[PDB]
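The chain that follows stands alone, in the form deposited in one PDB entry, written as structure tokens.
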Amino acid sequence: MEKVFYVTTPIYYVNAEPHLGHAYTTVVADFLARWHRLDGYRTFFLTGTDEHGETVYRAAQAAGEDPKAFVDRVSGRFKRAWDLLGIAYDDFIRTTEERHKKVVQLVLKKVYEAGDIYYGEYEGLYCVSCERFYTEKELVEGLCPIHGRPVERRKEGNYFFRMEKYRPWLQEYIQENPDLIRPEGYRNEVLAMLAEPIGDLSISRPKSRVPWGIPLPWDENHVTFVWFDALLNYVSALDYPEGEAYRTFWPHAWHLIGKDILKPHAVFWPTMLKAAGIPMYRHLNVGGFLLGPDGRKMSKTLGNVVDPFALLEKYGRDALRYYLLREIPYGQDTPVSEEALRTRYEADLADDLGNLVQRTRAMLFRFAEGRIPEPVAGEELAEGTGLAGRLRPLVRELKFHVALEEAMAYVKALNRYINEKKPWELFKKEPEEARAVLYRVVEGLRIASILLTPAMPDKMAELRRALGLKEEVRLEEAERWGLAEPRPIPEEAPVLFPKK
């Protein structure tokens, strides 16, 4: 009955410009992690950067920097992005780390000793300028997507992993574990993939061609395929196989990814785990695309790119986090825009929540001597204590938008209760009843603020302070009525959600 939660995000190309996609996935993982910690779970939230491969290496060379020095520097870009977005991760794994190198080599050794490795010839269309192979689909009308020049058929010796050997097992595993891959649409997509041969996987290239990475333990002349290397970050960060973190968190592994890297996580990864004798992960949670304002995929080409940091700068971290979690159903392609963020901010935060907090403080000073009144039963508002129980399953099923919707609906109810009861009228002849109404709203806000904490950590803590409530909270405190203590509220408090 030990409550454990482990969530990972994809480790991103280290020199990549952090974008809305990176931001969304990480914000969702952060909500999940924060929510479980709030609910008393022993939690581990992993993030990181993929720092190997020839692309990274050539980027460093082009930048005129030593490769290790290059990645040491550029990796800070993602760390900066997570700080800006208020991501409370437990570890930021960089694939250049020694512990990662050792795990990748140990796992390769295991797969090798399992007899799943063989040396073979890789043949296909090649670009001698990129120094890499390209499928006909990756080409831009038969031309290298990078140099815009024709490609040529070349061959190369690589070591291969007998991935096909595990297809029957994987197919059956997914069939017998309906909730492994969510949402369901992606599961079907993967099943379609596994209906046909998946073949063997090239897990290395000559160092002569790819000189930046982890060497194969049986052949130092070859470097491990970037995907094999990168995928293992999920267990190397737990210090597999002796780390207690591995024993603790791997049994509950949740992987969050965008649909663009589905095959590697739903096909490659599972077969690698099985071959290495490592248990399967618990859930693969697949997100959709965050489309541009015009409903089309984002691209400089189209001019519909929405910059997350531009949004964060203008409306604030919590407003952005809230918007993404409230308006983007995890798993389905959804268009985003500054206009939608602004409307959501003005309606839900500035109006519904912020102004209620403002008016409540005003009425407390006016009718309650600037203090929270003596606790009274919740009456119609007491049902707010049941929201946590209703939200737990929604969160676990990736329905963050529904969860936030329910929490905010309660916030709306608190507003109507105020307008309905009118404490300013009750005070004329029955001040005790007026104060009782004010207590109910304050206690209701306390509860609502806890439910919203995983989405807006700093703002909910600020809201709590504005009402003189206990700042640090636990989800269980949202399930009992009457915890707000009759104490004075701060003489002054900045505007929680200022107009933009």
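The numbering used is simple: start at 1 and walk along the sequence shown.
One more form of this protein should be noted, the form deposited in another entry, which is absent from this view; the next part is about it.
- The listed options are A362, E196, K155, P168, and the one placed at a hinge of the rigid-part motion between this form and the one not shown is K155.
- Relative to what is shown, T135 and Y57 are closer in that other deposited form; their C-alpha atoms differ in spacing by at least 3 Å.
- Between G142 and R296, the C-alpha separation grows by 3 Å or more in that other deposited form, relative to the conformation displayed.
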